[PDB]
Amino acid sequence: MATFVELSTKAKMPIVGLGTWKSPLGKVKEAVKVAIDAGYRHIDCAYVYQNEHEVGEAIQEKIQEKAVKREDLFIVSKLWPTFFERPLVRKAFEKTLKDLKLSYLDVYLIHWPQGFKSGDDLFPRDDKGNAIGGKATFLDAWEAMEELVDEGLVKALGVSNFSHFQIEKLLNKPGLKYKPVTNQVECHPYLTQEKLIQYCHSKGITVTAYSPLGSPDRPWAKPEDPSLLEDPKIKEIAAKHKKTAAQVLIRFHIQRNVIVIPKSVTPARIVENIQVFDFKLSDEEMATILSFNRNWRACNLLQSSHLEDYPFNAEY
């Protein structure tokens, strides 16, 4: 259905994927089912979403009934930063893999570069809500994750919310076995990530755009916050193609060869979001969209700036 972006490992990563963050239990199973029916093959998951067990349900159902084969699915999950200590990496992964009911993952990502206090309290924080650091680093984590690849439990590794400084630190680590195949970051016309995408691509690293629609149901949304889907200039380009603004926002990444993972649990929208291979944004339209950059982050759950490898301070 979707076209593909070739990874450094020669694996083919479907350029549109289904997001699952905040997809509720009792909706996410049906969401995944609808998505596979609509041609989605790439599903973006995480330990921290606490819904992997229902995603696994849906995947197994579709495989059994022959709607799809495992080899054609592309499943991604993520290691949460309270599990950067070596033995916890394995255990967190195992729970993810067991929840998803799979024999391997296509990509396993470091979810966030900063280590938090180790353990099963996922959001350790002080009274004021600032995150509590842990000693284990993302390099400690990467070491344990490389084993998973050695064992064939994960086909490739990647990173998420890394600046070019953290990737350089990864790439320059002596004794590295495996390199990251993607860096999953917020990306949309208000945060176009030009310098980061350029850097990543120069190093044979793809980019995966999260929150492409500006994540409109984030509860921390203040009414003065910019709304991509309601943006007049975005809607103007959509109208020109008789498409929706969401479709334009998704197609934007495709034309930059950037993988994109819109989240939805609404069947019509899930279908809508992958109907993006029958129109093309013009060079001028792409240029206009690129000019919307505000360096605005929707997903800045911060209060971790005080810890060492904070990614959002750097220029890119």
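One-based numbering along the sequence shown.
For the pair 138-146 and 224-232, the mean Cα B-factor is higher in 224-232.
Set 94-102 against 214-222 and average the Cα temperature factors; 214-222 ends up higher. Across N51, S282, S264, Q247, the greatest Cα temperature factor reported in the deposited entry is at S282. Per the deposited coordinates, the residue with the largest Cα temperature factor out of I43, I63, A268, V258 is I63. Compared with the other modelled residues of the chain, the Cα B-factor recorded for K179 ranks in the middle third. In this PDB entry, the Cα temperature factor of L122 sits in the middle third of its chain's modelled residues. For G39, the recorded CA B-factor ranks within the middle third of the chain. Only modelled residues enter the ranking. Annotation for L290: CA B-factor lies in the highest third of the chain's modelled residues. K27: CA B factor in the lowest third of modelled residues in this chain (values from the PDB entry).
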